[PDB]
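Just upload.txt here, compact mmCIF, C-alpha atoms:
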# COMPACT_ATOMS: atom_id res chain seq x y z
CA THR O 17 23.70 17.76 -8.97
CA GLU O 18 21.58 14.62 -9.61
CA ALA O 19 20.92 12.13 -6.90
CA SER O 20 24.37 12.32 -5.42
CA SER O 21 23.57 9.78 -2.76
CA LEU O 22 21.45 7.96 -5.42
CA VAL O 23 18.91 7.35 -2.75
CA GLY O 24 15.93 9.37 -3.56
CA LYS O 25 12.84 9.93 -1.65
CA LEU O 26 9.57 11.56 -2.10
CA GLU O 27 6.98 12.24 0.48
CA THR O 28 3.43 13.16 -0.14
CA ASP O 29 0.33 13.32 1.97
CA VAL O 30 -3.00 12.28 0.66
CA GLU O 31 -6.20 13.15 2.39
CA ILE O 32 -8.86 10.55 2.88
CA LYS O 33 -12.41 10.56 4.15
CA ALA O 34 -11.95 7.11 5.56
CA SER O 35 -11.50 7.02 9.29
CA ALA O 36 -7.97 6.23 10.54
CA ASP O 37 -9.68 3.99 13.07
CA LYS O 38 -11.55 2.34 10.27
CA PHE O 39 -8.29 1.92 8.34
CA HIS O 40 -6.48 0.64 11.48
CA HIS O 41 -9.38 -1.79 11.69
CA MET O 42 -7.93 -3.81 8.73
CA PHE O 43 -5.11 -4.94 11.01
CA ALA O 44 -7.68 -6.78 13.05
CA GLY O 45 -9.15 -10.10 12.25
CA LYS O 46 -12.40 -8.94 10.68
CA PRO O 47 -12.40 -6.77 7.48
CA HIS O 48 -15.74 -8.31 6.34
CA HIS O 49 -15.34 -11.20 3.93
CA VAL O 50 -16.80 -14.59 4.55
CA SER O 51 -16.64 -17.81 2.63
CA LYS O 52 -20.34 -18.37 2.76
CA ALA O 53 -22.41 -20.91 0.78
CA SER O 54 -19.28 -22.97 0.94
CA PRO O 55 -19.63 -26.47 2.40
CA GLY O 56 -16.36 -27.25 0.67
CA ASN O 57 -15.91 -24.89 -2.27
CA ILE O 58 -12.74 -25.77 -4.05
CA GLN O 59 -11.02 -22.77 -5.60
CA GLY O 60 -8.05 -22.45 -3.33
CA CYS O 61 -8.02 -21.02 0.13
CA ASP O 62 -9.82 -17.68 0.17
CA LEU O 63 -7.58 -14.81 1.27
CA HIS O 64 -8.87 -14.17 4.75
CA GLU O 65 -7.77 -12.27 7.83
CA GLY O 66 -4.05 -11.88 8.25
CA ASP O 67 -2.39 -14.81 9.94
CA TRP O 68 0.90 -14.42 8.11
CA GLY O 69 2.44 -12.90 11.26
CA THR O 70 2.10 -9.26 10.20
CA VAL O 71 5.82 -8.51 9.68
CA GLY O 72 7.15 -10.33 6.67
CA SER O 73 3.64 -10.77 5.41
CA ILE O 74 3.35 -11.09 1.73
CA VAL O 75 -0.04 -10.50 0.42
CA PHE O 76 -1.30 -9.49 -2.93
CA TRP O 77 -3.82 -6.91 -3.67
CA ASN O 78 -5.67 -7.49 -6.93
CA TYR O 79 -8.22 -5.19 -8.39
CA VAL O 80 -9.56 -4.09 -11.68
CA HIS O 81 -8.88 -0.53 -12.54
CA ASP O 82 -10.06 0.93 -15.90
CA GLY O 83 -10.60 -2.56 -17.21
CA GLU O 84 -7.06 -3.62 -16.42
CA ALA O 85 -6.22 -6.13 -13.81
CA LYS O 86 -3.89 -4.48 -11.44
CA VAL O 87 -1.95 -6.34 -8.84
CA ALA O 88 0.38 -5.04 -6.21
CA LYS O 89 3.24 -7.17 -5.09
CA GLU O 90 4.29 -6.20 -1.64
CA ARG O 91 5.93 -7.37 1.52
CA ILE O 92 5.27 -5.94 4.96
CA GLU O 93 8.51 -4.59 6.23
CA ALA O 94 7.26 -2.99 9.47
CA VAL O 95 3.96 -2.22 11.23
CA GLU O 96 3.18 0.07 14.16
CA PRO O 97 -0.08 -0.97 15.77
CA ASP O 98 -0.07 2.02 18.14
CA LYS O 99 1.03 4.62 15.61
CA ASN O 100 -0.94 2.92 12.80
CA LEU O 101 1.98 2.54 10.42
CA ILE O 102 2.60 0.13 7.64
CA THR O 103 5.78 -0.14 5.65
CA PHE O 104 5.51 -1.75 2.19
CA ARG O 105 8.45 -3.22 0.41
CA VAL O 106 8.42 -3.66 -3.32
CA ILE O 107 9.10 -7.22 -4.35
CA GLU O 108 8.04 -7.01 -8.00
CA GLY O 109 11.03 -7.18 -10.29
CA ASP O 110 9.48 -4.81 -12.79
CA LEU O 111 9.85 -1.88 -10.41
CA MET O 112 13.31 -3.22 -9.46
CA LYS O 113 14.37 -2.39 -13.06
CA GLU O 114 14.21 1.29 -12.24
CA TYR O 115 14.82 1.27 -8.53
CA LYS O 116 17.18 -1.22 -7.00
CA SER O 117 15.24 -0.80 -3.80
CA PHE O 118 11.94 0.90 -3.13
CA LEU O 119 10.32 1.22 0.19
CA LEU O 120 7.09 3.04 0.80
CA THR O 121 5.64 3.59 4.17
CA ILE O 122 2.16 4.91 4.91
CA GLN O 123 0.75 6.18 8.13
CA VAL O 124 -2.90 7.00 8.50
CA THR O 125 -3.64 9.14 11.44
CA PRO O 126 -6.21 11.89 12.32
CA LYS O 127 -4.81 15.23 11.33
CA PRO O 128 -7.48 17.92 10.49
CA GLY O 129 -9.49 16.46 13.36
CA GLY O 130 -11.78 13.62 14.36
CA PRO O 131 -12.52 11.19 11.49
CA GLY O 132 -10.49 13.41 9.19
CA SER O 133 -7.51 11.32 8.50
CA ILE O 134 -4.47 11.95 6.42
CA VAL O 135 -2.36 9.30 4.87
CA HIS O 136 1.28 10.08 5.02
CA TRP O 137 3.19 8.57 2.22
CA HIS O 138 6.84 8.22 2.84
CA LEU O 139 8.71 6.88 -0.14
CA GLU O 140 12.38 6.04 -0.32
CA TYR O 141 14.06 4.53 -3.33
CA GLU O 142 17.55 3.88 -4.55
CA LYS O 143 18.12 5.00 -8.14
CA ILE O 144 19.90 2.55 -10.33
CA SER O 145 20.73 5.68 -12.23
CA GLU O 146 18.93 8.99 -12.83
CA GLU O 147 17.42 8.55 -16.31
CA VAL O 148 16.56 5.08 -15.14
CA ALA O 149 14.42 6.31 -12.26
CA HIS O 150 11.11 8.09 -12.87
CA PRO O 151 9.56 9.69 -9.66
CA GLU O 152 6.34 10.11 -11.69
CA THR O 153 5.53 6.44 -11.50
CA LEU O 154 5.52 6.30 -7.72
CA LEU O 155 3.07 9.18 -7.37
CA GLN O 156 0.66 7.55 -9.78
CA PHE O 157 0.94 4.33 -7.80
CA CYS O 158 0.25 6.23 -4.57
CA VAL O 159 -2.77 8.16 -5.82
CA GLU O 160 -4.47 5.16 -7.42
CA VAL O 161 -4.17 3.23 -4.17
CA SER O 162 -5.28 6.21 -2.01
CA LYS O 163 -8.57 6.70 -3.83
CA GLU O 164 -9.28 2.99 -3.85
CA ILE O 165 -8.60 2.25 -0.27
CA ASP O 166 -10.53 5.32 0.83
CA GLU O 167 -13.58 4.52 -1.25
CA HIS O 168 -13.39 0.83 -0.46
CA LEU O 169 -13.62 1.66 3.22
CA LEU O 170 -16.40 4.17 2.61
CA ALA O 171 -18.21 1.56 0.53
CA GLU O 172 -18.17 -0.75 3.48
CA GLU O 173 -19.71 -0.69 6.87

Can I see the file as structure tokens?
Amino acid sequence: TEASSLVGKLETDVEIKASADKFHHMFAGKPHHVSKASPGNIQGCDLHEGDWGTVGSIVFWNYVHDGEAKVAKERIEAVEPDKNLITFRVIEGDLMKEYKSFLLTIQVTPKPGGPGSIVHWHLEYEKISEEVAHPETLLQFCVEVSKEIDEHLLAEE
């Protein structure tokens, strides 16, 4: 049958130990990062608290994973402050070579109970063609972010 509509989607739910409240906390102007010992340290402007206006925000997340420098190129498409929702748009052209549009939305809310929060991954992507698209790659992207963000929040106060 193939992707008859060519739009494909995949939805997965990852469980985290990180509090949804503690995740939601990143949308506030204090995630803990200070330019200290800097009376005028020139190295560019340190990436601080979001002042990009939330929607339309383009930020880059850079991390080292297995010795490789991994960077995520993203654009905020939509954010629910009350529902704790964040929609990521792919901007990287590399991923655009398999999907002519890829949108992934995550929502972190309490689900098992209390601090137990589940991250709902909602992925929607338009196949350029079937053999061209590889659903595998999105899941790997999701899992590697899930574990990082969870542990990064656990690693912090």

- Task: Do a neighbour search on residue 123 of chain O at 12 Å with only C-alpha atoms, toss out local chain neighbours closer than 4 positions, and write the hits as a ChimeraX atom specification.
- Result: /O:27-32,36-37,39-40,94-104,127,133-139,162

Selection from above, C-alpha atoms, as a PDB file, in the coordinates of the input, can you write it?
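out29.pdb, freshly written:
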ATOM      1  CA  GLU O  27       6.980  12.240   0.480  1.00  0.00           C
ATOM      2  CA  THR O  28       3.430  13.160  -0.140  1.00  0.00           C
ATOM      3  CA  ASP O  29       0.330  13.320   1.970  1.00  0.00           C
ATOM      4  CA  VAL O  30      -3.000  12.280   0.660  1.00  0.00           C
ATOM      5  CA  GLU O  31      -6.200  13.150   2.390  1.00  0.00           C
ATOM      6  CA  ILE O  32      -8.860  10.550   2.880  1.00  0.00           C
ATOM      7  CA  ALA O  36      -7.970   6.230  10.540  1.00  0.00           C
ATOM      8  CA  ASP O  37      -9.680   3.990  13.070  1.00  0.00           C
ATOM      9  CA  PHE O  39      -8.290   1.920   8.340  1.00  0.00           C
ATOM     10  CA  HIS O  40      -6.480   0.640  11.480  1.00  0.00           C
ATOM     11  CA  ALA O  94       7.260  -2.990   9.470  1.00  0.00           C
ATOM     12  CA  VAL O  95       3.960  -2.220  11.230  1.00  0.00           C
ATOM     13  CA  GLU O  96       3.180   0.070  14.160  1.00  0.00           C
ATOM     14  CA  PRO O  97      -0.080  -0.970  15.770  1.00  0.00           C
ATOM     15  CA  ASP O  98      -0.070   2.020  18.140  1.00  0.00           C
ATOM     16  CA  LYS O  99       1.030   4.620  15.610  1.00  0.00           C
ATOM     17  CA  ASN O 100      -0.940   2.920  12.800  1.00  0.00           C
ATOM     18  CA  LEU O 101       1.980   2.540  10.420  1.00  0.00           C
ATOM     19  CA  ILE O 102       2.600   0.130   7.640  1.00  0.00           C
ATOM     20  CA  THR O 103       5.780  -0.140   5.650  1.00  0.00           C
ATOM     21  CA  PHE O 104       5.510  -1.750   2.190  1.00  0.00           C
ATOM     22  CA  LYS O 127      -4.810  15.230  11.330  1.00  0.00           C
ATOM     23  CA  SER O 133      -7.510  11.320   8.500  1.00  0.00           C
ATOM     24  CA  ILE O 134      -4.470  11.950   6.420  1.00  0.00           C
ATOM     25  CA  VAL O 135      -2.360   9.300   4.870  1.00  0.00           C
ATOM     26  CA  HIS O 136       1.280  10.080   5.020  1.00  0.00           C
ATOM     27  CA  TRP O 137       3.190   8.570   2.220  1.00  0.00           C
ATOM     28  CA  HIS O 138       6.840   8.220   2.840  1.00  0.00           C
ATOM     29  CA  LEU O 139       8.710   6.880  -0.140  1.00  0.00           C
ATOM     30  CA  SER O 162      -5.280   6.210  -2.010  1.00  0.00           C
TER      31      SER O 162
END

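Remark: for residue 161 of chain O, the closest of the candidate residues O:38, O:116, O:105, O:86 is O:86 (distances computed over only C-alpha atoms).
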
- Task: Rank nothing, just name the residue among O:73, O:81, O:49, O:18 nearest to residue 163 of chain O, using all atoms listed in the file.
- Result: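 Once distances to residue 163 of chain O are computed over all atoms listed in the file, the minimum belongs to O:81.
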
Kindly provide, as an mmCIF file with C-alpha atoms, in the frame of the given file, the polymer residues lying within 10 Å of (8.5, 6.8, -2.8), counting only C-alpha atoms and using the coordinates exactly as they appear in the file.
data_model
loop_
_atom_site.group_PDB
_atom_site.id
_atom_site.type_symbol
_atom_site.label_atom_id
_atom_site.label_comp_id
_atom_site.auth_asym_id
_atom_site.auth_seq_id
_atom_site.Cartn_x
_atom_site.Cartn_y
_atom_site.Cartn_z
ATOM 1 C CA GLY O 24 15.930 9.370 -3.560
ATOM 2 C CA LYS O 25 12.840 9.930 -1.650
ATOM 3 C CA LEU O 26 9.570 11.560 -2.100
ATOM 4 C CA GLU O 27 6.980 12.240 0.480
ATOM 5 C CA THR O 28 3.430 13.160 -0.140
ATOM 6 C CA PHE O 118 11.940 0.900 -3.130
ATOM 7 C CA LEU O 119 10.320 1.220 0.190
ATOM 8 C CA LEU O 120 7.090 3.040 0.800
ATOM 9 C CA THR O 121 5.640 3.590 4.170
ATOM 10 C CA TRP O 137 3.190 8.570 2.220
ATOM 11 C CA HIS O 138 6.840 8.220 2.840
ATOM 12 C CA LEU O 139 8.710 6.880 -0.140
ATOM 13 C CA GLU O 140 12.380 6.040 -0.320
ATOM 14 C CA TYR O 141 14.060 4.530 -3.330
ATOM 15 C CA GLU O 142 17.550 3.880 -4.550
ATOM 16 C CA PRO O 151 9.560 9.690 -9.660
ATOM 17 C CA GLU O 152 6.340 10.110 -11.690
ATOM 18 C CA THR O 153 5.530 6.440 -11.500
ATOM 19 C CA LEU O 154 5.520 6.300 -7.720
ATOM 20 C CA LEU O 155 3.070 9.180 -7.370
ATOM 21 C CA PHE O 157 0.940 4.330 -7.800
ATOM 22 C CA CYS O 158 0.250 6.230 -4.570
#

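The spacing separating atom CA of residue 130 of chain O from atom CA of residue 33 of chain O amounts to 10.7 Å.
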
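Coordinates place atom CA of residue 63 of chain O at a distance of 9.2 Å from atom CA of residue 76 of chain O.
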
- Message: Ranking O:149, O:112, O:42, O:164 by minimum distance to residue 78 of chain O and counting all atoms listed in the file, which one comes first?
- Response: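 Among the listed residues, O:164 lies closest to residue 78 of chain O.
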
- Note on the structure: Pairwise distance, atom CA of residue 84 of chain O with atom CA of residue 106 of chain O, equals 20.3 Å

- Task: Identify which of the residues O:150, O:113, O:46, O:143 lies closest to residue 20 of chain O, counting only C-alpha atoms when measuring atom-to-atom distances.
- Result: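 Ranking O:150, O:113, O:46, O:143 by distance to residue 20 of chain O, first place goes to O:143.
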
- Message: Could you check the closest approach to residue 43 of chain O for each of O:70, O:60, O:124, O:23 and tell me which residue wins, using only C-alpha atoms?
- Response: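 Closest candidate: O:70.
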